[PDB]
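**Student:** Input: one structure, supplied below.
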Amino acid sequence: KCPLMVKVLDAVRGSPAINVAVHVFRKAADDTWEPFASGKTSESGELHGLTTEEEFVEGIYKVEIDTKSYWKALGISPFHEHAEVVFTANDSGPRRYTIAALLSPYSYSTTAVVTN
Amino acid sequence: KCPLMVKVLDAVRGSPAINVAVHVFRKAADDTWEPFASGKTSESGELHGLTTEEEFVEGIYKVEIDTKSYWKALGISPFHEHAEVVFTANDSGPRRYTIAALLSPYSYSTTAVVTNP
Amino acid sequence: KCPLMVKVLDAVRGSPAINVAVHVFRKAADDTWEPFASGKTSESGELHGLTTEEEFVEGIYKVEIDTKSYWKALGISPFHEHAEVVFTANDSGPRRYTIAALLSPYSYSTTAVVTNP
Amino acid sequence: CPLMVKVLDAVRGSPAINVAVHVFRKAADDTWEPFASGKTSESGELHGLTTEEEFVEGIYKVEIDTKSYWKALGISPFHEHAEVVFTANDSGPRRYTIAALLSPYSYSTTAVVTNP
């Protein structure tokens, strides 16, 4: 039950996307994106350990998912350069955020599940 | 200008899903689905010339989209046999309805928007 | 685990859809949807224990999700009567199937992930 | 109309009206230069924000101001905005259109690309 989990699924093959480059940033006071965390999509597609409740701080985030590498490798030219999910986090306090991403070569979907 | 519209798009190819079969029914009191309308999806991925406002009634409807025939032709083995949307129609009055379909080999999404003519 | 899992989520509340009734129909040789199993979605929005691996057989199935009962409980006017997904199962070997549903008052999405264990 | 942005409201079941749309373009200094801006009509679509001559090969970014739209309608949303980053005109001239299905706490985007 990580405070930020990014479950990633592939709709073309019908299986979880495996080995997708993911990067988490953070908006700073200078309106500049600074690195915050990184990881690799497992066999099941889920992610863990990107941030902890102490490190996870109020502000604006951005989750970057590298669709270019994933579909370039598998031989289908993808449209989107990557995926980005920007959201005001911990606005009302500590909560559990789940970012779900359903990928296609030329489309993707995003969902937030807030446990509160 | 048409009351019910169904739009279908292909997610893997990033294009409208062509030549996709669609069928429409009307719910009956005895829980029997009666053939209502059926057509071939246009090159734009949208249905044209389907139904008229007089044909609509306060009864339930259901629209079926044949995804499996679509994926067989292109050569990808699909998961879904077909897609079905069941919705109570004209509870208030004669309005325009639009059903969106986003097709994938192993998924699809559907959305509904209503309009008042 | 279970050969068939159905997961239901709510878009607007960012929460799993709670207290949603589901019904599973297995097709029969008479082209009739014989009842197969039914369940109640937990607070996690998921459900298990529909059918054992032995109960599953090659054929065509159907999962029906009660959307209006969920919206009537919260009080928004539904568009969709129910959500129905139809797929051939165990076509070659005893693969595992998962059906996910993302619910909004006037839209829903369904995705299926298939694994060979 | 090299680029179009269709924006639909799931809860209301109607095209979203008056959402702020902004378009950026990658620079050699890895900087986003504001390409254009617009406002969505009652149909939920945008037209004339860019021209074919102005639209050239590169990396673009389309941002949709969902934060104001759902706050205006009175429901607190999750996403600060929607970002659709994608390389363009890599293989030559083609018409690009972006569709966004919005809900408070969820959204999906699908691009349909036409060669002519």
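We number chain D the way Swiss-Prot does; in order, the residues shown are 30-145.
Quick reminder: no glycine exception, Cβ is built from N, Cα and C everywhere.
I grabbed these lines from Swiss-Prot:
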BINDING   D:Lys35, D:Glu74, D:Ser137  L-thyroxine binding site
CARBOHYD  D:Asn118  N-linked glycosylation site
MOD_RES   D:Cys30  sulfocysteine
MOD_RES   D:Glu62  4-carboxyglutamate
MOD_RES   D:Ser72  phosphoserine
**Student:** I'd like to know which recorded positions lie near chain B: of D:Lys35, D:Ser72, D:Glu74, D:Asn118, D:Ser137, which have a CB under 8 A from one of its CB atoms?
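**Tutor:** The recorded positions close to chain B are D:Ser137.
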**Student:** What Cα-Cα separation, expressed in whole Å, is found between the residue listed as 'sulfocysteine' and the residue listed as '4-carboxyglutamate'?
**Tutor:** 20
**Student:** Restricting the comparison to the recorded positions D:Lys35, D:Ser72, D:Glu74, D:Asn118, D:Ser137, which residue's C-alpha is spatially nearest the C-alpha of D:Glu62 (4-carboxyglutamate)?
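**Tutor:** Smallest Cα separation from D:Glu62 (4-carboxyglutamate) among D:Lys35, D:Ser72, D:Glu74, D:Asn118, D:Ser137: D:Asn118.
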**Student:** Provide the number of Cβ atoms within 10 Å of the Cβ of D:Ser72 (phosphoserine), excluding the reference atom itself.
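**Tutor:** Its Cβ has 13 other Cβ atoms within 10 Å.
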**Student:** Among the recorded positions D:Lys35, D:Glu62, D:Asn118, D:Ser137, which residue has its Cβ surrounded by the fewest other Cβ atoms within 10 Å?
**Tutor:** D:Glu62
**Student:** Given the recorded positions D:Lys35, D:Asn118, D:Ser137, which one's Cα is the least distant from that of D:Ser72 (phosphoserine)?
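**Tutor:** Nearest candidate: D:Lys35.
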**Student:** So what sits near D:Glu74 (L-thyroxine binding site) in its own chain, CB-to-CB under 8 Å and at least six residues off in sequence?
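**Tutor:** Looking at Cβ-Cβ distances below 8 Å from D:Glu74 (L-thyroxine binding site), excluding near sequence neighbours, one finds D:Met33, D:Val34, D:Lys35, D:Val36, D:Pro44.
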**Student:** For D:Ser137 (L-thyroxine binding site) and D:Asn118 (N-linked glycosylation site), determine the Cα separation and express it in whole Å.
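**Tutor:** That comes out at 23 Å between the alpha carbons.
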**Student:** How many neighbouring Cβ atoms, not counting its own, are there within 10 Å of the Cβ of D:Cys30 (sulfocysteine)?
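**Tutor:** Other Cβ atoms found within 10 Å: 15.
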**Student:** Considering each pair of residues in D:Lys35, D:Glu74, D:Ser137, all listed as binding L-thyroxine, report the largest CA to CA distance in Å, no decimals.
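**Tutor:** Per the listed residues, the maximum Cα distance equals 16 Å.
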**Student:** When each of the recorded positions D:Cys30, D:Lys35, D:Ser137 is checked against chain C, which show a C-beta distance below 8 angstroms?
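**Tutor:** Only D:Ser137 pass the 8 Å Cβ test.
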**Student:** Looking only at DSSP and grouping its letters into three states, which state does D:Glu74 (L-thyroxine binding site) belong to?
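**Tutor:** Coil, per DSSP.
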**Student:** Mind pulling out which recorded positions among D:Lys35, D:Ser72, D:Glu74, D:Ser137 sit under 8 Å from chain A, Cβ to Cβ?
**Tutor:** D:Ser137
